[PDB]
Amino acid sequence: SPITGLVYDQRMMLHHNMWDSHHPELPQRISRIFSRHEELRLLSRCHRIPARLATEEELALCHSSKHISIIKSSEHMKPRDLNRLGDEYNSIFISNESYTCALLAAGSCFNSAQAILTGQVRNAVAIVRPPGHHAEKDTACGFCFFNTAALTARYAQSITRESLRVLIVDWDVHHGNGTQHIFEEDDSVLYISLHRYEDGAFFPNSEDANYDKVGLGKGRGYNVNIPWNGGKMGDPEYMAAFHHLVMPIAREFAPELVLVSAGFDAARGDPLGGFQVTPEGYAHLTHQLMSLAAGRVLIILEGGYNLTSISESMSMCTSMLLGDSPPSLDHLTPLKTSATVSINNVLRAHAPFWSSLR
């Protein structure tokens, strides 16, 4: 009986950009990742989980009725009207297939979480597009329509109990502004993001992503931002952040389910990120999170734009979930000075809330 689930459906390739056919969020992102799983003989080792559509009642766990109704109406618009609607948001393109593809991405992740929680599988991966982490309650943003990861947390609570403890780890190179805002006054969902910041000048261009935003109300302490400035970061800085911050806070919270907002745009070779994390580095981050929540872990694709880099990086994560031995990293070398400044600023902000840090 396979201990790892996998979901993929080629219908999610139909969303496309009719005015700019080389735009980086390409249909072949998901088909290239699936083909590499066949070449490495990983697909036959997994249990295949089918895709489905999310329902409109499920979308209302996080989104307004007006936002649901506007995106739904684009299914039948003519080209001139699709171009006008898209230009009303920050960095969005739309075709007649976009609404259906965003529904399939969300429902694929609901079926995966249900298989994990009922014990049919121990853990799982989801090869899905368009992405989710910039979408807000009332608007679309940054290539994203509905917030797939935030919806999956609320779905899991609805079928078990309202206070089920969920951790979301966001290792995409950009800040997830929508996920932060949805859970900002909530102590049942812990949000932890690592991201390129540059004093507010990198997308999405807001001071909401700095280390001093810690949560609101009864949610004070349950929002953790790790921002990078002035440096091309890689394996040494990401391992240091996990050892001093991510893993001590996670163990004290003691989650019952772990969701990864797993973009691969911090990887060596990415044309938007400019950073240097390796496939062996992503394998070590995956193996550390497998020690939490009695092993209940779901990996969800977000961004990432070098086709060879994302195919090798996500395949190594699946190999770790199946139980293979982790590969060795490069030799030890000094951290960059600005990265130690960032880690010290986060420790000073969260020490009042977490005894494992003081």
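Numbering starts at 1 and runs along the sequence shown. Whichever C-alpha set is largest while still superposing within 1.5 Å between the two forms counts as the rigid core.
- Stretch 33 to 41 is the one, of 297 to 305 and 33 to 41, whose CA positions lie farther from the shown form in 9 other deposited structures of this protein once all structures are superposed by the rigid core.
- In a rigid core superposition of the other structures in 9 other deposited structures of this protein, 76 to 84 and 140 to 148 differ in how far their CA atoms stray, and the farther one is 76 to 84.
- Compared with other deposited structures of the same protein, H331 meets the criterion of being unmodelled in at least one third of those that resolve residues on both sides.
- Looking at mean Cα B-factors across 153 to 161 and 254 to 262, the upper value is held by 153 to 161.
- Relative to one another, 72 to 80 and 141 to 149 have unequal mean CA B-factors, and 72 to 80 is the one with the higher figure.
- Ranking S315, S35, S325, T308 by Cα temperature factor from the entry places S325 first.
- Highest CA B-factor among the listed residues (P271, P130, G231, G176): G231.
- In this PDB entry, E88 carries a Cα temperature factor that places it within the highest third of its chain's modelled residues.
- When the CA B factors of the chain's modelled residues are split into thirds, the value for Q28 lands in the middle one.
- Ranked by Cα temperature factor within the chain, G304 sits in the lowest third according to the deposited record.
- In the PDB entry, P236 places in the middle third of its chain by CA B-factor.
- The entry lists a Cα temperature factor for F110 that places it in the middle third of the chain's modelled residues.
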